[PDB]
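Encoded as structure tokens, the structure appears first; notes follow it.
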Ligand SMILES: [Zn+2]
Ligand SMILES: [Zn+2]
């Protein structure tokens, strides 16, 4: 009795640097053409990359010999990734490799 | 052409587009509902479960003081959920698997009924494979068959 | 040696020393002579091990 | 060689003796999908090697630091700068001919006078 | 060498082949496994010419192989002795016809 | 880091030159016998033959490696399911996991834990383990096909030097371990006998 | 080597076996745990 | 040799992490037919994915090592002919200055 | 003697020419190993024999 | 400043080390000088800091080692360990 809401919802999953990944544990898409651009919220402006325009046989579901309440969201329309402002990011990247322990 | 000592003093001498506002979806459902990523290796164009079959049912399938091996609980909890997720009818079959490589740092962009998005991370990822479509298997005769 | 381009069968590369002991060897040449000199030592050590045993 | 595979099953295709139509088919031993043979050849062993001799050439091979250089022309490209290396099949019986990489038309000519 | 046949360049070459192990694989270049619909007629053109030469119920497989001339022409031989050797090896069941 | 296992996976190209049975068996640790590798691809979760080769012979047009892969592939004809292979492997080495429901799960234990103590020792990365294995057998054919020299093991780059730091470490590693075990013994008896 | 080993590595070996746990039944049970912290060297 | 020194070993985590952020296509998603000319990436002899423009990647790395971003004892080798890029941070390698 | 040293250099140099020509001949697939050894096997023989000849 | 690099054995595989800097790096006679090779190659990446440094501790003390039959160098390196002298100032 698996539930299928639409299974056709489009999602653009993104790989992010930990600095971006950890900060999310808003967006303003200024799509330009294939010069894909992204307006981040306030701080930098990092665009999107065409990781793969078409991605298939991958789908989004949610779960709530015993099943559970399973619902299906949709399909990845386009796999994306952040395009890292960049000078500060590069400075941050150099800074990231300069940690230590106690 | 021999060694030297007196060059030191020379140094002294040398001297449109759609802005979609966002908001983290409330957390009570996140406690109750864990979301994962579904994937297929059917090589099919879509391979939708809509066309798979009906019905669809996806589910997994006196001692004294003692020195016990340890394990971090999430792995230990993951150690216990070793039952493979299986969807069936009551005939095509599908079985998922753990990848544990890209279920860590990802938040998806749910393009909901509204143009805006609720951003949802993925708890897990699973790799469902179409299996036994040709429906052949010799788990017991194999040991004998290998001698021919 | 890392000092040479690949595929160099010319004698100074494959290990021919052209200088003489009177006026010294170049490093590449000199290093080679170490290996050639060493090979005798190992062999001489072996001959002491083998010939002595055989003679017994 | 160059053996197709099944579809919706995707497995290597053994030959099947199509005597009635007097040809050769290819069967998927997993699922009964079968299609014909594309060529009258079935099996070649090729005891002596003539493949893979030109390994490594890419858009970036000539940008290698340690390879020795040369000065001959690339025939079609008429450019007299090239880079070269020894035969890539590290086998003792192999002869010591030389293979060169153009940088203008990237044409990869050998140094042979016997057979170009 | 033979006492009388000593210091004789050609005479030595006679013996040289006589003892030297000559494996068929030492001259073979490649081996081809084909299906031939007719035991007589062959899909490949180069095969059809020889057939009528030895001509003028059999398995529809075809085995063909290629050897090097110079390697043959080192220990110079003929395929005629090769074929009967192959024939007499197993039997006259393996119908074998060789190029000249 | 961690117990510094001495697991040395090996790959054996069975069958001599020319002679048939040019099949390749591996040797997983804590297993009675050797196992043809095509099982492992299935065991780690690669069912179709095409995927197996794609994990080894990275070039489609090249076929001699595929040619040498042909027999070992057919040696895997007898198994067409991962669990069947998995459970079968559990039989193959120290099958004392009497519960069959635990005997097959023993196979997943070895691959996750004892097999390749490097790239990972957690679960899920089974695909990554396959690729390294697939890469390993890619090299073996190359040397067997004489496109690469035999690996000189006297090359200095393949050598490491263990100074006083590491030498104390591993020596200290065991010494500390024995300290803990003893502390457990005293900790056991006091709980055992409600002593101070 | 020695300085590197003393500073960094020595803490590691403590970490991988810092804790050992012991449990005994009752008639609700009780359990005992011993854990290791930072290493200090005179 | 008088110039020789021995690598004390470092944590490889930054590099691998850094590698992902510069186009190292993760191995779990690698499709060799789809990227036939990939460059396999190793770290202490541990494959961690593939790449597609190693030349961009390589000199980017060395600059970081020369910038001191990567500890100089960390050895990294680009092997053009093998389509393989290797990186070492192991403890006990033998290295000399140049 | 200065003259003798110079004559030595000519002797060494002439050997290189012997080597150089043989090297290219191999690269043109020209050198023919006599029966019983490979091309590289035969190629090394003349190379080493020349250098030893040159020194002696 | 990134003017001198660290190189191990493996890294040496894919580099081209020139012997003496001004001897080779710039582009382009006493016979008693040892005869050397030229800088025909151009695509260098490293030059040896000083070639004499390839020796060890015992070896370095040998004057003009490049004017010796190589096993002799080994012998000196051996005895040099048992050379009576002054081992410490305390
Ligand atoms: Zn099929
Ligand atoms: Zn050209």
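Residue numbers (the entry's author numbering), protein chains in the order written: chain A, 58 to 82, 92 to 99, 102 to 110, 117 to 138, 207 to 226, 233 to 250; chain B, 21 to 35, 97 to 142, 327 to 355, 358 to 415; chain C, 784 to 839; chain D, 2 to 117; chain E, 1120 to 1175, 1187 to 1230; chain F, 246 to 441; chain G, 50 to 76, 84 to 98; chain H, 540 to 637; chain I, 672 to 727; chain J, 687 to 714, 723 to 784. Every residue, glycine too, gets a C-beta built ideally from N, C-alpha and C.
* Do residue 31 of chain D and ligand 1 come close, with the Cβ less than 7 Å from some heavy atom? -> Checking the Cβ of residue 31 of chain D against ligand 1 gives yes.
* Top-ranked residue by Cα proximity to residue 256 of chain F, from F/263, F/268, F/351 and F/312 -> F/268
* Please confirm if residue 709 of chain I has its CB atom under 8 Å from at least one CB of chain D. => Yes, its Cβ sits closer than 8 Å to a Cβ of chain D.
* Would the beta-carbon of residue 399 of chain B be found less than 7 Å away from any heavy atom of ligand 1? -> No, the beta carbon of residue 399 of chain B sits no closer than 7 Å to any heavy atom of ligand 1.
* To do: For residue 263 of chain F, count neighbouring Cβ atoms within 10 angstroms of its own Cβ and tell me buried if that reaches 16, exposed if not.
  => exposed
* To do: Could you pull out every residue in the same chain whose Cβ sits closer than 8 Å to the Cβ of residue 111 of chain D, ignoring the five residues on either side in sequence?
  => 98, 99, 100, 101 and 117
* Using DSSP bridges, identify the partner residues of residue 588 of chain H. => H/580
* To do: Indicate the three-state DSSP secondary structure (helix, strand or coil) for residue 615 of chain H in the structure shown.
  => In this structure, residue 615 of chain H counts as strand in the three-state DSSP scheme.
* Euclidean distance between Cα positions of residue 102 of chain A and residue 233 of chain A -> 22 Å
* At least one CB of chain C closer than 8 Å to the CB of residue 702 of chain I: is that the case? -> no
* To do: List the endpoints of the continuous beta strand (DSSP E) containing residue 785 of chain C.
  => First-last for residue 785 of chain C: undefined, no H or E at that position.
* Got a sec? Which residues, its chain only, sit under 6 Å from residue 733 of chain J by beta carbon, not counting five neighbours each side? -> 710
* Asked: Taking only beta-carbon atoms, is residue 62 of chain D less than 8 Å away from chain H?
  -> Judged by the 8 Å Cβ criterion, residue 62 of chain D is in contact with chain H.
* Along chain I, which residues have their Cβ under 7 Å away from the Cβ of residue 90 of chain D? -> The premise fails here: residue 90 of chain D is roughly 13 Å from chain I at the closest Cβ pair, so nothing lies under 7 Å.
* To do: Could you please give the first and the last residue of the uninterrupted beta strand (DSSP E) stretch that includes residue 221 of chain A?
  => 221–225
* In chain order, which beta strand (DSSP E) runs of at least 3 residues are fully inside the stretch 62–90 of chain D? -> 83–87
* To do: With DSSP as the reference, label residue 106 of chain D as helix, strand or coil.
  => coil
* Asked: For residue 623 of chain H, which residues from the same chain have a beta carbon less than 6 Å from its beta carbon, with the 5 sequence-adjacent residues on both sides left out?
  -> 579
* **Three-state class that DSSP yields for residue 300 of chain F in the structure shown** => In the displayed model, residue 300 of chain F falls within coil according to three-state DSSP, outside both helix and strand.
* **Nearest-angstrom Cβ-Cβ length linking residue 440 of chain F and residue 375 of chain F, presumed shorter than 8 Å** => With 8 Å as the limit, residue 440 of chain F and residue 375 of chain F do not qualify as a contact, their Cβ atoms being about 53 Å apart.
* Asked: Roughly how many whole angstroms lie between the Cα atoms of residue 379 of chain F and residue 540 of chain H?
  -> 39 Å
* **Burial state of residue 60 of chain G (16 or more Cβ within 10 Å)** => exposed
* Quick one: what does DSSP say residue 377 of chain B is sitting in, helix, strand or coil? -> Strand.
* To do: Look at the Cβ atom of residue 725 of chain I, then the Cβ atom of residue 713 of chain I, and state whether they are nearer than 8 Å.
  => no
* Assuming residue 609 of chain H contacts residue 700 of chain J (C-beta within less than 8 Å), just tell me the rounded distance between them. => With 8 Å as the limit, residue 609 of chain H and residue 700 of chain J do not qualify as a contact, their Cβ atoms being about 17 Å apart.
* For residue 628 of chain H versus residue 613 of chain H, is the C-beta spacing smaller than 8 Å? -> In this structure, residue 613 of chain H lies closer than 8 Å to residue 628 of chain H by Cβ.
* So what does residue 350 of chain F bridge to, in DSSP terms? -> According to DSSP, residue 350 of chain F bridges with nothing at all.
* Cβ-based neighbour list, residue 416 of chain F, same chain, cut-off 8 Å, excluding 5 preceding and 5 following -> none
* With residue 88 of chain G as the anchor, note down where its alpha helix (DSSP H) starts and where it stops. => Boundaries for residue 88 of chain G: no alpha helix (DSSP H) harbours it, while the beta strand (DSSP E) harbouring it runs 86–90, taken from the DSSP string.
* To do: Run down chain D in chain order and give the residues with a C-beta less than 9 Å from the C-beta of residue 124 of chain B.
  => 8, 9 and 11
* What does residue 248 of chain A touch in chain H if you count any residue whose Cβ is under 7 Å from its own? -> Under the 7 Å cutoff, chain H gives no residues; its nearest Cβ is about 10 Å from residue 248 of chain A.
* **CA nearest to the CA of residue 12 of chain D, picked from F/297, F/424 and F/253** => F/297
* If you measure from the CB of residue 105 of chain D, is any heavy atom of ligand 2 nearer than 7 Å? -> Placement of the Cβ of residue 105 of chain D at a distance of less than 7 Å from at least one heavy atom of ligand 2 is found.
* Asked: Rounded to a whole number of angstroms, what is the C-alpha to C-alpha distance between residue 330 of chain F and residue 562 of chain H?
  -> 36 Å
* Asked: If we count the other Cβ atoms within 10 Å of its Cβ and call it buried at 16 or more, is residue 547 of chain H buried or exposed?
  -> buried
* Give a yes or no on whether the minimum CB-CB distance between residue 58 of chain G and chain B is below 8 Å. => no
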